[PDB]
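Structural overview
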Amino acid sequence: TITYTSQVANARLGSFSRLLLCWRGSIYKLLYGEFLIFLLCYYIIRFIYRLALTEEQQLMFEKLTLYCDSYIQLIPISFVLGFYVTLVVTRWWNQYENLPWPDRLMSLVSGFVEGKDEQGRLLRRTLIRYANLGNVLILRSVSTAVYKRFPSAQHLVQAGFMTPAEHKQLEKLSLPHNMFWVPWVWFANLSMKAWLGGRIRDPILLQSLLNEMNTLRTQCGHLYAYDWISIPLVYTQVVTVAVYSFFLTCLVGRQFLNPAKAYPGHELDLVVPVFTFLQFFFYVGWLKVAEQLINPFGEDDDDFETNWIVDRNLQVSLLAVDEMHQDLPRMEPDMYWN
Amino acid sequence: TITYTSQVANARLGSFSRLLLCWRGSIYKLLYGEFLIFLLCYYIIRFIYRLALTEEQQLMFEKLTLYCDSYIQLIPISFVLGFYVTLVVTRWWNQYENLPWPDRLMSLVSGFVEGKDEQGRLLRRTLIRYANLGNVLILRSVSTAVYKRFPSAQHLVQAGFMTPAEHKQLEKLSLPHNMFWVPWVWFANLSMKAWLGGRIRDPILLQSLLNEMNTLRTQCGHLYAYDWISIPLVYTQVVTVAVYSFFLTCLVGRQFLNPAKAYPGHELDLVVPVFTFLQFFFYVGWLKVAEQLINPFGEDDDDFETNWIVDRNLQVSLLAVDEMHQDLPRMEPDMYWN
Amino acid sequence: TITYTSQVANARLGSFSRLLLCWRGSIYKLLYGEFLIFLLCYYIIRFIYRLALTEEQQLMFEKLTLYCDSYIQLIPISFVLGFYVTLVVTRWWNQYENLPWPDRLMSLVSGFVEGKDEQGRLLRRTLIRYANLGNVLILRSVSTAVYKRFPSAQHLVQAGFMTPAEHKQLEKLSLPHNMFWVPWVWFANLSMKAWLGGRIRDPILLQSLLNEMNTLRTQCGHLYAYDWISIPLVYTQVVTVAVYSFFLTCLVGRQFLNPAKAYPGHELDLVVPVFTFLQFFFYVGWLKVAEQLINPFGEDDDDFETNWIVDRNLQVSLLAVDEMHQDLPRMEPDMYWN
Amino acid sequence: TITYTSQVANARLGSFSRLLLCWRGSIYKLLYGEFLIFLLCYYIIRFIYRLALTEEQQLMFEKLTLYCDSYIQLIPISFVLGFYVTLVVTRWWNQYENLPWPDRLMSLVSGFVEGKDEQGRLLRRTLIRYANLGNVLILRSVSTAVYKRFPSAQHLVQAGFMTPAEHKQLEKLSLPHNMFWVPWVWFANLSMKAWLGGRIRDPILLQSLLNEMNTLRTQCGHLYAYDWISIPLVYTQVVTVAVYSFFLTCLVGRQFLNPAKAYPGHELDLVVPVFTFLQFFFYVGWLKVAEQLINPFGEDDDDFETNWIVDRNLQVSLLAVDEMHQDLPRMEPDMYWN
Amino acid sequence: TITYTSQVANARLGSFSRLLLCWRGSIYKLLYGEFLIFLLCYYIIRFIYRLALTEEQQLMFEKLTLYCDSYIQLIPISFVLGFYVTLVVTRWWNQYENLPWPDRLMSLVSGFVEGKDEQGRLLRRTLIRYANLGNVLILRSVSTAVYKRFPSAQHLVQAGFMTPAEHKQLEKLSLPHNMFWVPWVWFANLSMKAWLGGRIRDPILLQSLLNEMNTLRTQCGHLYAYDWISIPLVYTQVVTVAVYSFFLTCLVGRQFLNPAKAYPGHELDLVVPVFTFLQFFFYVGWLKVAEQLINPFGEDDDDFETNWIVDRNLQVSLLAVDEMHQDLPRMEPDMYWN
Ligand SMILES: [Ca+2]
Ligand SMILES: [Ca+2]
Ligand SMILES: [Ca+2]
Ligand SMILES: [Ca+2]
Ligand SMILES: [Ca+2]
Ligand SMILES: [Cl-]
Ligand SMILES: [Cl-]
Ligand SMILES: [Cl-]
Ligand SMILES: [Cl-]
Ligand SMILES: [Cl-]
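Looking at the PDB entry, chain A carries the name Bestrophin-1, with the source organism given as Homo sapiens. Per the header of the deposited record, the title is "Human BEST1 bound to GABA in an open state". Under the heading Subunit, UniProt records this for chain A: "Interacts with YWHAG; this interaction promotes the ligand-gated L-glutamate channel activity leading to the positive regulation of NMDA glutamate receptor activity through the L-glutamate secretion."

In structure tokens form, the structure reads like this:
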């Protein structure tokens, strides 16, 4: 995640121009390797045409260049690229919207589950730890960054997300599917035991707790859905072939022909194809943002800070249900009293 | 479902280029028969023009080719194709979003319905089996893959989804409509009997159970809606005629005319219509992804793994309500305790 | 509703090609009258130009044809047509999504409302009949097919949807507005009387019943909204004038001029304007699908089967609350028991 | 609101053609003044060119006309117009979707609040009158039609929406903000007093009442949001300048030049610029529908019938909570009994 | 926020034309600096070409101008600009839709929390002050205007949003993350204490209070999400480079060449590039509205009035829970009584 929201708070003279001098999460960082390969190929073809070809071969290359520049428009790169990028961005923001946040649940755990003794504190910490454990299990499933921090469930034990008893219980309950759903059943049974033990005073509070927990379950299931059900591979292949074939054609059709031959559109012989390079910038940049956001849980600069979210959720949840349980600031009249 | 999410976690040099070497769920697998038919027709027409026609007939064919290539733009293939594919993809993801998951309901069944004896266990298994039975009935209705696994309700009996008593009850309740809704009424009456029998301690938990069950009912009704209310046949016919007429025109108008005649756009005589083949790739591929996703419950490579979902839901639901009912890992202080 | 979902389950060779041989819900059935009128006008104009005009009049007609074919592009038919059709299709699926289904409510009525005697059975049947009566009142308001089956409320009495007592009560409560909302107040007061009489054991179940009933009220209000608040007439008039003026221009500008005069774009004299007829097919077909879906509650082939939905909802609701109330299949261990 | 839904129930021969003969809510009524101004300016310019200019001035005007007709395409009127109209229509239907309907709340008031005596009747009428009063306060804020019916709160007193006691209470609670939210606090406190007084039997029914009332609060807040947060003035100015500059250019560039001079595109001298007038129709009509729907609460023909909605909501709410409270039709067996 | 909704209530002759004479929130105010820079550069280039260049250099500049005006179309400014502006506007209205309003919660606090003594009043004020404090903490995080009003939490203490005890408690609970979530845990624990102390009569009302508070938590989390997860910097850089490169090209390619040389498109030598300036207006205005709305919480004219919302929410919440608690207008029969 590269944040620049405070820099664009007001519309000033050249507000977006200052953002062109960034490198992390930038278009140049995503684009420079492909651009260098394209530039090398273009100038190799240029040197071959201008030095390594005879006059008849030069005329043949000029005919081929005019043919390619006349039939480049047959490729609907904008059509397929716009569809693909719209799908990518919609799925990207939907993937952020289903990242689980335990704040409502941790408020309800800190409130409803009573007891300032060790048992009630352990109960609250265990409930919010079950929530964070289910979240970190699905994030281990869907994020390569979280999976690199926790290559195994023993890493989750060594990071405080899982107890050895929970690890043994999860090993006992092993099925050939993903086991991220297990802490939700654990939460349901532990909350039922808490209500039966008098730690939850009313079953309506139990319903509220399980409603928030099931909302988290729905969000984690949506994350599992977006990881499992990818954008269809046919679309990715088609848009890849579209961009690649467009600029493989531009390697030939955008060559500067000899201005002595007086071809239309080739009256002026520059060396740098500025408009072709700009078109490469725009189209291959569109493709590279599609490549960067299609899995926003990886290790790109503009990918989600999933490890930070995991750490913050665990720390904030434990603080909210442990230290802030019935620990209120002194209730005093405010400034606007009476 | 063809999953490649882990392969595109980071935006690297040619990240989408490695996906071009796939065959399952690929554009080539969906496209090769149509492309071979089109290529055969194109080269038959080419051989007829270059070998089987006299000079006057060749001139007539050249006039026809120029006419077709000048009036090919009258076909708005991109317009209707973009509309149709946008509708297909929206309905496709809406169809995935209403695939039922019993995880929230199975958590509430494992928690709320009490009793470690045989009666409470049978009650929990029967409730979550009613949920899975309604889901598998609507999936038998909407998916050809599920219908091929279970051609009859006796197959559902032989697969453990239905008891013979439930089969006889469903035969008694026969109406000329789809009977997928029956296990929801069964769930409601069984949950009411469980609450009246003391197995459910409070009616608020009964409300939670029936809320989750009715959410599953809404999802299954949406699946029934998408199976019944298809994309209107007029749109499918129009987009089919658009693509087919476009490339039937391209069979004539994209022929390489004799370069001795010096027609504009026909100065260079290639043999392979590379740009026409690319246009076929893009447009007919758009059409074939529309054909593949319009019913995502069939047996295509990128269709939903409905049988796997059915098996996983049944197994996970039975494990959650049976073996995990009040079976908790030992509650111990975590690493960050005190 | 024309259903073809099972025919397009898999992406096969020419999957959409087999759908071109349909007549019900087809593009040809929606298009043939307009196409015949257009073809007759085109060939009348052609015969007038080629037989009924002198040489100076033929030259004037050629100038007019070239002028019309040069300025046909000033009409943005694709722009307004795409906007209108997107609006039509969005409203069409929103209108289907708010068609009421009483299945969740009938499950809650079959469960919550107790009593296997005649009074409780009559109570359950009356409640679910109030739900179906409100649904059929709003569907009589919004659907011409339902209004043709039930031209009056006495037809609803003769069809079992309304009792004569309910008919007299609705006549007493007459106001100059639509009275579809009355059975919701009837349901609320009858459910309150049922809870006060002990037929509903807890008020939380009463809340669940009224929540489902009010969800049905929201759906029926959305149907009333879509019937009352039409797409603005200005948009319909503009898109109609766009299509009509486009092809009234094409009646002149797409005429095949004399190829002896050697006009550009008129070198080859066909008789059938194949591309103009294809453009008519696509654009006037887009217009005709917009005409067919703008009111999906009429009597078109692809319109909603509202009478079937009404009959199925009534029959299934009465069966669910009457014969299936506390009528459960025998609870026995499943195949995967222990 | 101009309703024509019943006229377009079926797709017939020229279904949309009959709608071209309407005047209320029509494109001609919205367009004729601008079209007459444009036609007068066009023919004044035509008469100046053909009568008031010398040959050199005529040649200069011809150069200017060709320049304007060659550079008219630099204006992206379709781009900005499509964006603006899409935003307008989305906000228009969102504004209709948040028009409050008290039907669910009036059903819950008629059911839950008990007492056929004068006190319970007054309580029910006061609660549903608080709902209608909050709705009419926000509609007075957002609609010029409602504000013209009720220029002051004393008009609301004289129309039965407000009592003099409520008027004095609202005058006492005066703050420099809009006071539409006050009847929601009144409803909450009155419903709490009703539950404490035994008129509401259970607090779960109180929760249902306040949930429906808060749903109405959310809808009224959305209406306040759409009235306050307008479409940004920059967009309106840009689309206005786009349409106006396009047709100010068309005043010169679409003039019929002298056909003796044999300019391309000016070979035929008509008098009526039919395609320019059609383009004016489409583009300025798009602009005028955007002008008509941007505030759908005004006094246009296709604007919402807000006063009718207000009157219907008040009358239907008072009838539902007053005359229909525990006033049920006699419960008798239906036609399909046994 | 610049409001003009009342001025566009009806579609009149030139309704949007009167809005062109505004300055606050106008396109000219957002555009004039860039337009002056562009005009200065254009006329500097014009004077260099017409005065500072020799005939061969003038011919070279003419070739460069024709080359740039022929290859300007290679830049897809409309494509990327439409995508970016659609994303900006969608995120802008989503950011407004998640601005928290405490009105439902303040109604529930005024109703449910009982006691006209000092303790109950202090309790209600403290609860709604916790709601407003969490809202103002997240608005301090996301808005530069709110942050300028309250540079520190001591400013929130001096503005009555925070007590010194709450300030010390927040200092004690310091973590390296944003602490806007703390008043939600405070609200949960205080509401639990209120229910345990008898100030809240039933736990169902406690559930309603915590549901509204958690809805506010979800809205504030969405605001935190939109502040943190910016539109990807790659998109902003690409659209900035697109607009800037388009008009840097237009600095050369849109120059008026010598009409004596008789270049096509340069037959008439104006001085003011009216269509280029209009294109600058439209495209750079699209970019500037994107710059203005990307952070709608800054200090632009059309940005949200966040400080006004904060002040109004605090004042209205304190009035609703303090002065309006069980302070009802006298309940009297209305005009339509009997
Ligand atoms: Ca990534
Ligand atoms: Ca398929
Ligand atoms: Ca219809
Ligand atoms: Ca209006
Ligand atoms: Ca701003
Ligand atoms: Cl879920
Ligand atoms: Cl449903
Ligand atoms: Cl409603
Ligand atoms: Cl609100
Ligand atoms: Cl949240």
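Structure shown, so let's carry the discussion forward.
The subject of this paragraph is the overall build of chain A. A count of helices and strands for chain A gives 13 helices and zero strands. Listing each helix as α and each strand as β along chain A from the N terminus yields α-α-α-α-α-α-α-α-α-α-α-α-α. Its C-alpha radius of gyration of 29 Å places chain A more than 25% over the 20 Å reference for a compact globule of 338 residues. Dimensions of chain A, computed from C-alpha atoms along their principal axes, come out at roughly 95 × 60 × 30 Å. Across chain A, every contact between residues at least 6 apart in sequence was considered, and the portion connecting residues at least 24 apart equals 75%.

Placing chain E over chain D gives an RMSD of 0.0 Å and needs a rotation angle of 72°, together with 0.0 Å of translation along the axis. These values place the two chain copies in the arrangement generated by a five-fold rotation axis. Residue E:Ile204, judged by its C-alpha, is the member of chain E lying nearest the rotation axis, at 5.7 Å. Interface overlap between copies is the fraction of interface residues in one copy that are interface residues in the other; for chain E against chain D it is only 3%, indicating separate surfaces.

Those places that UniProt annotates as "binding site: Ca(2+)" correspond, in this numbering, to A:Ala9, A:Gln292, A:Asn295, A:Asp300 and A:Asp303. The largest pairwise C-alpha distance within this set of annotated residues, which runs over 295 residues, is 28.4 Å, so the set is dispersed in three dimensions. Relative to the helices and strands, A:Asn295 is located in the loop between α12 (274-293) and α13 (306-323). Here A:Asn295 falls in the buried class, since its relative accessible area comes to 2%. Apart from the residues within four sequence positions on either side, A:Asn295 is in contact with A:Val142, A:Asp303, B:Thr5, B:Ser6, B:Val8 and B:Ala9. Excluding residues within four positions of it along the chain, A:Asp303 makes contact with A:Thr1, A:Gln292, A:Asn295, A:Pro296, A:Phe297, A:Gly298 and B:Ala9. In this structure the side chain of A:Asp303 is engaged in a polar contact, spanning 3.4 Å, whose partner is the backbone nitrogen of A:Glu299.

Surrounding the calcium ion (ligand 1) are the protein donor atoms A:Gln292 (O), A:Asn295 (O), A:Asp300 (OD), A:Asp303 (OD), A:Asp303 (OD) and B:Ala9 (O), which sit 2.4 to 2.9 Å from the metal. The coordination sphere of the calcium ion (ligand 1) comprises six donor atoms, whose angles at the metal cover 47 to 174°; the geometry is irregular. Grouping residues by exposure puts A:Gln292 and A:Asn295 together as buried.

In the UniProt entry, the feature "transmembrane region" is given for residues 31-50, 60-81, 237-254 and 274-287 of chain A. End-to-end, the C-alpha atoms of residues 274-287 of chain A are 20 Å apart, and along that stretch the chain is 100% helix and 0% strand.

Coordination angles at a metal have ideal targets, namely 109.5 degrees for four tetrahedral donors and 90 or 180 degrees for six octahedral donors. The protein atoms that coordinate the calcium ion (ligand 5) are A:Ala9 (O), E:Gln292 (O), E:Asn295 (O), E:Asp300 (OD), E:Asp303 (OD) and E:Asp303 (OD), at distances of 2.4 to 2.8 Å. Its six donor atoms give the calcium ion (ligand 5) angles of 48 to 178° at the centre, a pattern that matches the irregular case. Taken together, the positions of A:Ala9 in the segment before α1 (27-51) and E:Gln292 in helix α12 (residues 274-293) put the pair across two chains.

Here we take up the arrangement of the chains. When C-alpha atoms are compared, chain A and chain D, though not in contact, are closest at a spacing of 11 Å. These two, chain C and chain E, are apart from each other, with no contact and a minimum C-alpha gap of 11 Å.

Facing the 92 residues of chain D at the interface are 98 residues of chain C. Those elements giving two or more residues to the side of chain D that touches chain C turn out to be α1 (27-51), α3 (77-97), α4 (103-112), α10 (203-228), α12 (274-293) and α13 (306-323) of chain D. Sorting elements by how many residues they give to the side of chain D that touches chain C places α12(D) first, with ten residues. Counted by class, the side of chain D that touches chain C contains 50 nonpolar, 25 polar and 17 charged residues.

Residues and elements named next belong to chain A. Once the domains are mapped, chain A shows domain 1 (22-96 + 236-293) and domain 2 (101-230 + 309-323). For domain 1 versus domain 2, the separation of C-alpha centres amounts to 50 Å. With four residues of domain 1 in contact, the opposing surface of domain 2 contributes six residues. When the area that domain 1 buries against domain 2 is broken down by residue, the three leading residues are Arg91, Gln95 and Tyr96, summing to 86%. Inspection of the region where domain 1 meets domain 2 yields zero salt bridges.

So, on to the interface of chain E and chain D. In this assembly, 92 residues from chain E lie in contact with 98 residues from chain D. If you list the elements that add at least two residues to the side of chain E that touches chain D, you get α1 (27-51), α3 (77-97), α4 (103-112), α10 (203-228), α12 and α13 (306-323) of chain E. In terms of residue count, α12(E) provides more of the side of chain E that touches chain D than any other element does, ten residues in total. The residue makeup of the side of chain E that touches chain D, split by class, is 50 nonpolar, 25 polar and 17 charged.

Right, let's get into unusual backbone geometry. Trans is the prevailing form of peptide bonds, just as negative phi is the prevailing case for residues other than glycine. Positive phi, normally seen in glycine, also occurs at A:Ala262, with a value near 60°. If you trace the backbone, A:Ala262 turns up in the loop between α11 (233-253) and α12. Relative accessible area serves as the criterion here: at 57%, A:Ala262 is assigned to the exposed category. For D:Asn338, which is not a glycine, the phi torsion comes out positive at approximately 55°. By the element assignment, D:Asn338 lies in the segment after α13. D:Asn338 sits in the exposed class, given a relative accessible area of 81%.

Moving on to the relation of the copies chain D and chain C. Screw-axis analysis of chain D against chain C gives a translation of 0.0 Å along the axis, an RMSD of 0.0 Å, and a rotation angle of 72°. A share of only 3% of the interface residues of chain D reappears at the interface of chain C, consistent with the copies meeting through non-equivalent patches.

Core analysis: the largest hydrophobic core is formed by 668 residues, its most contacted members being A:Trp181, B:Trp181, C:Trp181, D:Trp181 and E:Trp181. When residues no more than four places from it in sequence are discounted, the contact partners of C:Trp181 are C:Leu175, C:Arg217, D:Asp103, D:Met106, D:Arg312, D:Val316, D:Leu319, D:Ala320 and D:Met324.

Right, let's get into helix α9 (residues 182-196) of chain C. Residue and element names in this part refer to chain C. Between its first and last C-alpha atoms α9 spans 21 Å; for 15 residues at 1.5 Å apiece the expected length is 21 Å, and the two agree. For α9, the tally of buried residues reaches 13 of 15 residues, placing the bulk of the element in the interior. Following α9 by one or two positions, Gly198 adopts a phi angle in the positive range, close to 85°.

A separate point is a nonpolar patch on the surface. All names here are of chain A. Judged by side-chain polarity, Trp23, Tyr32 and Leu36 come together as a nonpolar surface patch covering roughly 360 Å² of accessible area. Looking at the secondary structure, you find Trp23 in the segment before α1. Residue class for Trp23 comes out partly exposed when judged on its relative accessible area of 46%.

Our focus in this paragraph is α13(D). Helix length check: α13(D) (18 residues) gives 25 Å between terminal C-alpha atoms against 26 Å at 1.5 Å per residue, within 8%. Burial analysis of α13(D) places 13 of its 18 residues in the buried class, which makes it a mostly covered element.

What counts as what
Residues numbered from 1 in each chain as written, not as in the entry; some residues may be left out. Chains lettered and ligands numbered in written order. Heavy atoms only, no water. Residues with missing side-chain atoms left out of burial classes, pairs and counts. UniProt positions renumbered as here; feature names shortened; annotations may be inferred. Helix = DSSP H or I, 4+ residues; strand = E, 2+ residues; numbered from the N terminus. Rg over C-alpha atoms; globule rule 2.2 N^0.38 Å. Contact = heavy atoms within 4.5 Å. Least-squares fit on C-alpha atoms. Buried < 20%, exposed > 50% of the residue type's maximum accessible area, 1.4 Å probe, protein only. Polar contact = N/O pair within 3.5 Å; in protein donor to acceptor, adjacent residues only side chain to side chain. Donors = N, O, S within 2.8 Å, 3.2 Å for Na, K, Ca; no water. Tetrahedral: all angles 85-135°; square planar, octahedral: opposite > 155°, others 65-115°. Nonpolar A, V, L, I, M, F, W, Y, C, P; charged D, E, K, R; others polar. Domains from an automatic or database assignment. Buried area = accessible area lost by both parts, 1.4 Å probe. Salt bridge = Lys/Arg side-chain N within 4 Å of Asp/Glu carboxyl O. Core = buried A, V, L, I, M, F, W, Y, C linked by side-chain atoms within 4.5 Å. Expected span 1.5 Å × (residues − 1). Patch = residues over 30% accessible without salt bridge, like charges linked within 9 Å, V, L, I, M, F, W, Y side chains within 5 Å. Areas by Shrake-Rupley, 256 points an atom, 1.4 Å probe, with all protein chains shown as cover.

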